[PDB]
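K.L.:
Number of protein chains: 2
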Amino acid sequence: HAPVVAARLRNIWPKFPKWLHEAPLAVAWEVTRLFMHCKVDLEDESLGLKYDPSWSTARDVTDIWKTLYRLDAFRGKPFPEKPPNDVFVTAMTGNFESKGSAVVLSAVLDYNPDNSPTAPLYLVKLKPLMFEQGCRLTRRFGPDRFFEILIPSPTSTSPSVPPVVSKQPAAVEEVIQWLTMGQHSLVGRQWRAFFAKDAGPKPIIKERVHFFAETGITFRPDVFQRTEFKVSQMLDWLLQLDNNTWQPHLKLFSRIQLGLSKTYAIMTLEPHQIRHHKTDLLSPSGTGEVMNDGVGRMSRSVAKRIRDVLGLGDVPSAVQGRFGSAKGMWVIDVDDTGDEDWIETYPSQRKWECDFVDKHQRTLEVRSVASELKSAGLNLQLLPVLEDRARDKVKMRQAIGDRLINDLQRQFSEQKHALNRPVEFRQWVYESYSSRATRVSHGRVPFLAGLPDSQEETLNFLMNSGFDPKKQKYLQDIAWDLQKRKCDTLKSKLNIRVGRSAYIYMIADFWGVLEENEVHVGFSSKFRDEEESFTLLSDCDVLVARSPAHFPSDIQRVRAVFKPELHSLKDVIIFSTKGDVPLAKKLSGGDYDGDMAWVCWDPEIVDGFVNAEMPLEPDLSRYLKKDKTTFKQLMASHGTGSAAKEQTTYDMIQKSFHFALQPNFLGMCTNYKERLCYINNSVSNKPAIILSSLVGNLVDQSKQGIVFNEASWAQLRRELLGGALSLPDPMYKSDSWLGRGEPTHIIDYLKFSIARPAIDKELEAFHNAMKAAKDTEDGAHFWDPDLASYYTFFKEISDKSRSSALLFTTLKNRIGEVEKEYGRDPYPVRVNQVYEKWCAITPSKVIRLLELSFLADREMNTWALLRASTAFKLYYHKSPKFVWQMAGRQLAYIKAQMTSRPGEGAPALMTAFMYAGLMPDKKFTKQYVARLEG
Amino acid sequence: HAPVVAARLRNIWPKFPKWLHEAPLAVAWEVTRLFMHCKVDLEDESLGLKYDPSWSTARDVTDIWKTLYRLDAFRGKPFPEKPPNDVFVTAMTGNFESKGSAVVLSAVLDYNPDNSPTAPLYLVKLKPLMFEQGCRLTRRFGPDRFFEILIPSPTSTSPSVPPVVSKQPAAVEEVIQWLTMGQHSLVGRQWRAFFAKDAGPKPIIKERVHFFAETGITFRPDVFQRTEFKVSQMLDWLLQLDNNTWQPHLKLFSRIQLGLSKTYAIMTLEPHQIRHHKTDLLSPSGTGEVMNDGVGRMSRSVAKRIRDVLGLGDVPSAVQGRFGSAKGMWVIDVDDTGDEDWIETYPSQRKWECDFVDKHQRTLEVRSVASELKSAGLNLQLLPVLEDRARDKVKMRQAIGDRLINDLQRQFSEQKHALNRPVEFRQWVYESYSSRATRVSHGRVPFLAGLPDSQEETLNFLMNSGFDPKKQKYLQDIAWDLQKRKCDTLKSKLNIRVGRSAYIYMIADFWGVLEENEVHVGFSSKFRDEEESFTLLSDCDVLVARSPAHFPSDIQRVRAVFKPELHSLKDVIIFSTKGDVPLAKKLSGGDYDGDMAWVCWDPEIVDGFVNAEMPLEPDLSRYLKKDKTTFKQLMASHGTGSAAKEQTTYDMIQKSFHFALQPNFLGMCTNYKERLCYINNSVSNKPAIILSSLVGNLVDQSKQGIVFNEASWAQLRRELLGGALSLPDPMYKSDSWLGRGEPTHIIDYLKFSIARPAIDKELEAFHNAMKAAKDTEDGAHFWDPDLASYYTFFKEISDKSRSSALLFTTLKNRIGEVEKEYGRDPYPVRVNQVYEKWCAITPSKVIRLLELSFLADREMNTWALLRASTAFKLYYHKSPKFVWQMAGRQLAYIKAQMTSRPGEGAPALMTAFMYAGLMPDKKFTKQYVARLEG
Ligand SMILES: [Mg+2]
Ligand SMILES: [Mg+2]
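Residue numbers (the authors' numbering), protein chains in the order written: chain A, 390 to 589, 604 to 627, 641 to 1240, 1252 to 1270, 1282 to 1372; chain A', 390 to 589, 604 to 627, 641 to 1240, 1252 to 1270, 1282 to 1372. A prime marks a further copy of an entry chain.
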């Protein structure tokens, strides 16, 4: 209770008018969207609203907008963005649920640029209805009963946040109280907050908040659409709270995310088909250490059902999933020769005490599946630890630089060789970038004016009509804008490719075949590495790590040993369940609940590596303070019974919001550690081990109820390190070397001594080169007599003219006016405006032939060809970008017309749709060139 | 010495004129080709020949033919076929050798249709110069010194052979004597025969004969281009005869093929890098049985050199090859951790005693490499043995029929579902047939008149311009001509697909890890089988066989056991070197010199199979007679010394020709066995075991010097079987069931009770269907108002006309005349003649716009569009095939023009070349449809 805030926080939501009370939910939503967008008051008695019965039977939102919109006070504009028909129909007539898809109600709030109280504080914009995969909670209660917002974080220091908030300390408490203390009215429902989390110049970070429709003017009571139902009951259904009062309430709150997790429901197992283990697999040595933390077995038939329902090409050996209170990985049991469905759970997987009675508690839900692997490369964060652990560091670093030089050299040589032939450049362009998703989405290649959106797509579009990148300059210009942008990217991550490396899901050996420092890795298909290929790993040492590696021991060298017993388990890496300490825990305190290991079998990287043992970690208890207050202790303030428990549930939501919305130090302490280790150039000295242990403990902050605030951070740096004082940014944060002398920090050296010279050297190759291009024959020109084809044709006619002649003159004149327009708001919109003036350049018996009006698409007439060529003749000079951008499309037609030769095959006129479905045939390219070259 | 033959056999070769003696070899060859083809005498003094100096510097044969040809008496015609430039240049200026390629001199002889002696007997036609991969012998002596012919077999009974030959018993001896006894003059060289072999209504089979240029008017003596050199010396170089006189001379002659084998030379190994073993790996049990017959190890570096020189994507684990006298397989040694080059040979691989001194004796030559595997299916010849060996035969046969029904059902359902959408039908059409090699060869899709050659290519060409197979009838007609032809093929091999089967090179276990009935099979990549995938085989039983399987024991069930020690050996199957008898020898007396096993791991096929032991084979020595006469015994007729040895060599050639040219009984006895086993319906009774043993012994007939003639065949059937008497053909040789009642012989049953009903039932589905197609809207029509577009445009103009009008009338008239021409010699030539009359239908200011003469390709003008549409309007009726075949190409353009819509993307005009390089993108199709279907 500030109050300042309020009154601000009025009144934040759009009102729900009486004329609109006959809904339905989806109409209410999408109509409210047209009103807010057009800036139209929904409680206006000047507009004569109303309610179109027709909206009730609507199958396209555009019908409930053209209403409307009409009225005159709606124009505007057009838009809102608009929900897709199939989505809208589902929301209208399919229960907000289409197979696995939920219809999602969402909004984004931004601070009100306005001011004074009693202005809102937040502006709300309602997103269009959309599909997203459902989750346990939307399958149980209905997708239409869930609402989510993105909202500016109330503890966001700073500086672009309203004064009104935070120069008024706690009302951070007022914002949360607004969020959580009562119901929010939106589109005729009563929404209550039950979850908050982080989101999926310098902007204000937003937090995602989830609301549940507890009631609304369509619901009905109760005990004992659509029935009234409280958040406390919903969460009790999810978490079986009676049996989980022993839990730290912040940790219990964090489990709510497991009901919100977007998942694929696979199948519901019968109780007799479920095996709950009372104990985990423990260390053979008696350490009591859990050896299979987060991982269990499933039958083979269960995995086949997953292939089936998900439509996988193959039975997956392991999946990341949920099952009642259980969360983690399940791996096929290699000993399963039956055909009966079963799954097991282990204590380490079960996040609350669950009776597993209702079918939703016994449904296997899949988050992700073990899939075919792809090369991982080396991330620069692994490098300091790899260098630290090197038997010989000078050689390691010479080798890594040589590797970067070679790979770069290698990619340049392939680009420049491919550039020498249209079939080959097309193949190279196609391979350089995937356009399939864009093509699938549009049912064609999208165009901006007369050319594809995409530079890559523009190159191939033009080459497919016969242009040559070594002959035409525009093609040339784009080809190298592309190579430039790619150089920029390389100098900005140090993701050195290591062909023999991959990120692989970690699984534990239930079957007792792997000795302690042995791992089993078999692949589902051929893993290729330039000259060599692998279907599995055997008799070699490998490096394993989890990102990020902080401790010297966070990367381990072990032996890859293929066990025939585990042959069927593919695209996972199996760790031993022997020894004192699971291998997973050595990899940055990891486990088997979805962790993936960086696995490296590259000999040069593996062979110089020496294992370090686990660090003696410091006691950080003075700084890291765990709130261990249980749900039972919170309930003691209210008493006993149902009302006591209900209020305790809401207490937990409010106290946990107050915890979730505190600043994140993980990021801050990680950056300090980056900076400190950089200046020290050490990841293994005492300060380094302290900060790595620190950030390690902050990862589980939320479910450990660790309180760590500013005073404690300062105290900890005061007492154990620095340098309150900002540490300087590493030099590698800058674009150029701003250091003194030669780089010393392996990253500085790789970016500044190695990468930067090599890049600039590789770019001096074809600016050289540019430059090397008058009448060698070769080279590359804007001129192409083929494209002045129709120009010269009609000038001849034109001669001769009488009055064609006059038509031809108007044409040249108008083109001139439009090039002037091109000379002079976002970019695509301005280009369109000019394109539209361009297309507006329009013409017995000669005009009829040029116009071909029986064609619905103007831009396919002979006139368009003539207009394009005339513009080319007049402006290839002069304004090359103008002509190509407007008329690229018809220049291409003309080129394909002109280069055609009798008896040398037929040019193909492809529809936009059918063209989008073809790709370059790499075998054709390869075989055709091979025959060209003798 | 008949003589009858001669004089016939004159004078068989084209003469070599004096005016042509200044060569060069290639000019002589190709000029002689123009003369023989045009029917022009090369010893003509009426023509004023001559010799163009310009021919000497020629780089295109067309230059030495347009000479010429000229003259007037050369027209004619055009052709000969013509050698490719790169080939001609190599022959002219590159020594007949281009890298690995030899330029080949070849001719085909056919019996002279003429008659009387002194007519030739044979007509000779000289093939155009061509590239073929070289061989040991052409690398050693030069490709230009080798000549090969195809020649009618002189023992070819019958009946279309000249009376003159064989109704004159032995002159089979006169033909061979002509071939072998002396030199043959051809294009100024003296050719001597050194090898003969079988070739690579009912025609007369030809035999391939090889000649060596021993001298010619350009050569020079000798001892001690291009030097004189005898065949006896050449063969002595090849076979090191001094050390091989112990060999049966027919067997020694058969080794000549090893110098002729087309191969890739890889690398030459130093003597210290070669390991010759004195003994093979022998049976552990003391049987003395060779356990690695034909197989040896090579180092890893040797295999990498093979990947290198051959340009393989991967190091091959094994190769089929030659190396001095050694022939067989070499497999990488898994124990090789060095990087030194080495190879070994074993006695079983070495086919003569070789000192391995010259570099050509120490060069590894590769015939083929172990490559990625593909599904094999079940051939019908395996079936009788599989049925014989079935634990339960009634169930086996029920199962096999069900499988055939299901697979058929399955392929029909996929075809008919794909047919429902142009993107999907295109994808299905593309997958149904590979056109890439044709496309690579032409640098485009070849057209016949207005459409692609290929029906499949025609469908996609038309769909890519917007036609729909469910809407247009012509597209429909072709789509189903295609499905018909494919049904015809299925009813005509019983190649029942078994997804889990492959043909795999057999290798022996040098490393002692496989127990006797264990095999090791790992694949180089994912082997897919519908719902399941394999990178290797482990813990299952498998069937192994070599085709053909005759004995009940020729198929064996064994255990697939993956050995980690052999993990690196991929796409080969390793057999144990333990036990009494190598597994290879049990598979139809096979071995490890290139044999491939049918490997089957399909559970349903494997599980009912019971192994039989080796048959007690009969003694066939009375019928099968081995000529064991050695080279030493032949030399005893001439004496001792160099002249004696030389004449003995020629004796061996002549006696061995006389042996090679005897009738082949393998084929005849195999067919008798087919027929006998069919009537008996048994492959395991005594007659069956006798005939299988018979054909087994006849396989090695040539190098075993087994004499087996007609009298002995008759004697053997008289004494051990039948039925001299022809046995009837199996019923399955006929197209319809001509048997009595239900088929009893599993093949009769599968073809007649199962396949034939199912096929006819699956074809009654879409003739039904045809038929189900007036104005449901749907269905499929010839009419398309889009294609009458230009017709209606110009009729309107035309109106209105004055005199366009007159132009339009001539146009319709001419089209009419050309459709009449289409109504009325090979097919493609006649179509062209009409196409040419079609293209000849040709037109101030209106004609100029229709004609667009600045376009080099007429068929891209607006006139062509108008002509095509007018013809369509007039004739879609009437003659649908006429219009589409002539104007398909412009109908497509019009369709793509007409269906284009503003703001729905741009049609693409692709060049013929660039169009040939694209393929349907299966991921696009799949993803696009998935979004279409919600
Ligand atoms: Mg984890
Ligand atoms: Mg063999």
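Every residue gets a Cβ at the ideal spot worked out from N, C-alpha and C, and that includes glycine.
List the residues of chain A whose Cβ lies closer than 7 Å to the Cβ of A':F863, in chain order.
P.N.:
The residue labelled residue 863 of chain A' in the question sits at position 447 within the second sequence. Ordered by position in chain A, the residues that pass the 7 Å Cβ test against A':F863 are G1343 and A1344.
K.L.:
Mind pulling the chain A' residues with CB within less than 9 Å of A:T951?
P.N.:
On the first sequence, position 535 is the one that residue 951 of chain A refers to. Neighbours of A:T951 on chain A', chain order: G938, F939, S940, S941, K942, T951, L952, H983 and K986.
K.L.:
For a contact meaning CB atoms closer than 8 Å, what does A':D475 contact in chain A?
P.N.:
For the purposes of this step, residue 475 of chain A' is taken as residue 86 along the second sequence, with counting starting at 1. Residues of chain A passing the Cβ test: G1372.
K.L.:
Ligand 2 and A':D1007: does any heavy atom of the ligand fall closer than 6 Å to the residue's C-beta?
P.N.:
By one-based count along the second sequence, residue 1007 of chain A' stands at place 591. Checking the Cβ of A':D1007 against ligand 2 gives yes.
K.L.:
CA-CA distance, A':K1044 and A':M745?
P.N.:
To locate residue 1044 of chain A', count along the second sequence from 1; it is residue 628. To locate residue 745 of chain A', count along the second sequence from 1; it is residue 329. If you take the alpha carbons of A':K1044 and A':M745, they lie about 28 Å apart.
K.L.:
Have a look at A:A895, A:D869, A:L864 and A:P541 and flag the residue whose alpha-carbon is nearest the alpha-carbon of A:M879.
P.N.:
Along the first sequence, one-based indexing puts residue 879 of chain A at 463. If we check each option's Cα against that of A:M879, A:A895 comes out closest.
K.L.:
Just verifying my parser: in three-state terms, what is the DSSP assignment at A':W1014?
P.N.:
Here residue 1014 of chain A' is taken as the residue at index 598 of the second sequence, counted from 1. Strand.
K.L.:
At least one CB of chain A' closer than 7 Å to the CB of A:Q1335: is that the case?
P.N.:
Locating residue 1335 of chain A in the first sequence gives position 897, counting from the first residue. It does; some Cβ of chain A' falls within 7 Å.
K.L.:
List the residues that DSSP assigns as beta-bridge partners of A:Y500.
P.N.:
Here residue 500 of chain A refers to the residue found at position 111 of the first sequence. DSSP output for A:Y500 lists A:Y511 as bridge partner(s).
K.L.:
If we define contact as Cβ-Cβ less than 7 Å, is A:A1325 a contact residue for chain A'?
P.N.:
Here residue 1325 of chain A is taken as the residue at index 887 of the first sequence, counted from 1. A:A1325 does not count as touching chain A'.
K.L.:
Please name the residue in A':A1000, A':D1018 and A':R913 whose C-alpha comes closest to that of A':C956.
P.N.:
Taking the first residue of the second sequence as position 1, residue 956 of chain A' is located at position 540. Ranking A':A1000, A':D1018 and A':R913 by Cα distance to A':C956 puts A':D1018 first.
K.L.:
Between A:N880 and chain A', is there a C-beta pair that is closer than 7 Å?
P.N.:
For this step, residue 880 of chain A is matched to residue 464 along the first sequence. Judged by the 7 Å Cβ criterion, A:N880 is in contact with chain A'.
K.L.:
Taking 7 Å as the threshold (C-beta atoms), are A':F1047 and residue 603 of chain A' in contact?
P.N.:
Missing from the coordinates is residue 603 of chain A'; the shown part of chain A' jumps over it, going from 589 to 604.
K.L.:
At a Cβ threshold of 7 Å, is A:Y1238 touching chain A'?
P.N.:
Numbered from its first residue, the first sequence carries residue 1238 of chain A at position 822. It does not: the Cβ of A:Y1238 has no partner Cβ on chain A' nearer than 7 Å.
K.L.:
Take the Cβ of A:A834 as the centre, count every other Cβ of all protein chains shown within 10 Å, and call the residue buried at 16 or more, exposed below.
P.N.:
Mapped onto the first sequence, residue 834 of chain A falls at position 418. Classification of A:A834: buried, given that the 10 Å Cβ count is 16 or more.
K.L.:
Any Cβ of chain A within less than 7 Å of the Cβ of A':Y1262?
P.N.:
As a first step, residue 1262 of chain A' must be located in the second sequence, where it is residue number 835. Not closer than 7 Å to any Cβ of chain A, the Cβ of A':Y1262 fails to qualify, so no.
K.L.:
Just list the residues that DSSP pairs A':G619 with in beta bridges.
P.N.:
For the purposes of this step, residue 619 of chain A' is taken as the residue at position 216 of the second sequence. A':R578.
K.L.:
Which residues mark the beginning and the end of the alpha helix (DSSP H) in which A':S717 is found?
P.N.:
Locating residue 717 of chain A' in the second sequence gives position 301, counting from the first residue. Its alpha helix (DSSP H) spans residues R716 to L726.
K.L.:
In this structure, does DSSP put A':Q972 in helix, strand or coil?
P.N.:
Your numbering for residue 972 of chain A' matches position 556 in the second sequence. Strand at A':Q972.
K.L.:
Could you check what DSSP says for A':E521 in three-state terms: helix, strand or coil?
P.N.:
As a first step, residue 521 of chain A' is located in the second sequence; it is residue number 132 there, counting from the start. Reduced to three states, the DSSP call for A':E521 is strand.
K.L.:
How would you list, in chain order, the residues of chain A whose beta-carbon sits under 8 Å from the beta-carbon of A':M1298?
P.N.:
In the second sequence, residue 1298 of chain A' corresponds to position 860, counting from 1. Chain A residues near A':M1298: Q1335, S1338 and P1345.
K.L.:
Against A:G859, what residues of chain A' qualify as contacts under a CB-to-CB distance less than 9 Å, listed in chain order?
P.N.:
Within the first sequence, numbered from 1, the residue matching residue 859 of chain A stands at position 443. Ordered by position in chain A', the residues that pass the 9 Å Cβ test against A:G859 are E1342, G1343, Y1366, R1369 and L1370.
K.L.:
Between A:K811 and A:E803, which are expected to be in contact by the criterion C-beta below 8 Å, what is the C-beta distance as a whole number of angstroms?
P.N.:
Taking the first residue of the first sequence as 1, we reach residue 811 of chain A at position 395. Taking the first residue of the first sequence as 1, we reach residue 803 of chain A at position 387. In this structure, A:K811 and A:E803 do not form a Cβ contact; the two beta carbons are roughly 11 Å apart against a cut-off of 8 Å.
K.L.:
If contact means a Cβ-Cβ distance below 9 Å, which residues of the region 845–859 of chain A contact chain A'?
P.N.:
Residues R852, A853, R855, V856, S857, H858 and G859.
K.L.:
Under a three-way DSSP split, which group does A':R528 fall into?
P.N.:
The residue given as residue 528 of chain A' occupies position 139 in the second sequence. Residue state, collapsed to three classes: helix.
K.L.:
Measure the alpha-carbon distance for A':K775 versus A':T1065 and round it to whole angstroms.
P.N.:
Here residue 775 of chain A' is taken as the residue at index 359 of the second sequence, counted from 1. Here residue 1065 of chain A' is taken as the residue at index 649 of the second sequence, counted from 1. The straight-line gap separating the alpha-carbon atoms of A':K775 and A':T1065 is approximately 24 Å.
K.L.:
Give me the residue from A':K1361, A':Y1353 and A':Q1365 with the minimum Cα distance to A':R852.
P.N.:
In the second sequence, residue 852 of chain A' corresponds to position 436, counting from 1. Of the candidates A':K1361, A':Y1353 and A':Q1365, the one whose C-alpha sits nearest the C-alpha of A':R852 is A':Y1353.
K.L.:
Can you tell which of A':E411, A':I912 and A':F991 has the C-alpha that lies nearest to the C-alpha of A':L820?
P.N.:
On the second sequence, position 404 is the one that residue 820 of chain A' refers to. Selected option, being the one with the closest Cα: A':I912.
K.L.:
Does any residue of chain A' bring its CB to less than 7 Å from the CB of A:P1079?
P.N.:
In the first sequence, counting from the first residue as 1, residue 1079 of chain A sits at position 663. Not closer than 7 Å to any Cβ of chain A', the Cβ of A:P1079 fails to qualify, so no.
K.L.:
Identify every run of the alpha helix (DSSP H) within the region 800–871 of chain A', keeping only runs that are complete inside it and at least 4 residues long; order them along the chain.
P.N.:
Fully contained in the region 800–871 of chain A' are the following alpha helix (DSSP H) runs of length 4 or more, in chain order: 809–834, 838–848 and 852–858.
K.L.:
Would you say A':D1164 touches ligand 2, meaning its beta carbon is less than 6 Å from a heavy atom?
P.N.:
Start at 1 with the first residue of the second sequence, and residue 1164 of chain A' comes out as number 748. Taking 6 Å as the cut-off, the C-beta of A':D1164 does not count as close to any heavy atom of ligand 2.
K.L.:
Please indicate yes or no: does the CB of A:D1011 lie closer than 6 Å to some heavy atom of ligand 1?
P.N.:
On the first sequence, residue 1011 of chain A is found 595 positions in, with the first residue counted as 1. Correct: A:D1011 has its Cβ closer than 6 Å to ligand 1.
K.L.:
How big is the Cα-Cα spacing for A:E934 and A':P664?
P.N.:
Translated into positions along the first sequence, residue 934 of chain A becomes position 518. Translated into positions along the second sequence, residue 664 of chain A' becomes position 248. The straight-line gap from Cα to Cα measures roughly 59 Å.
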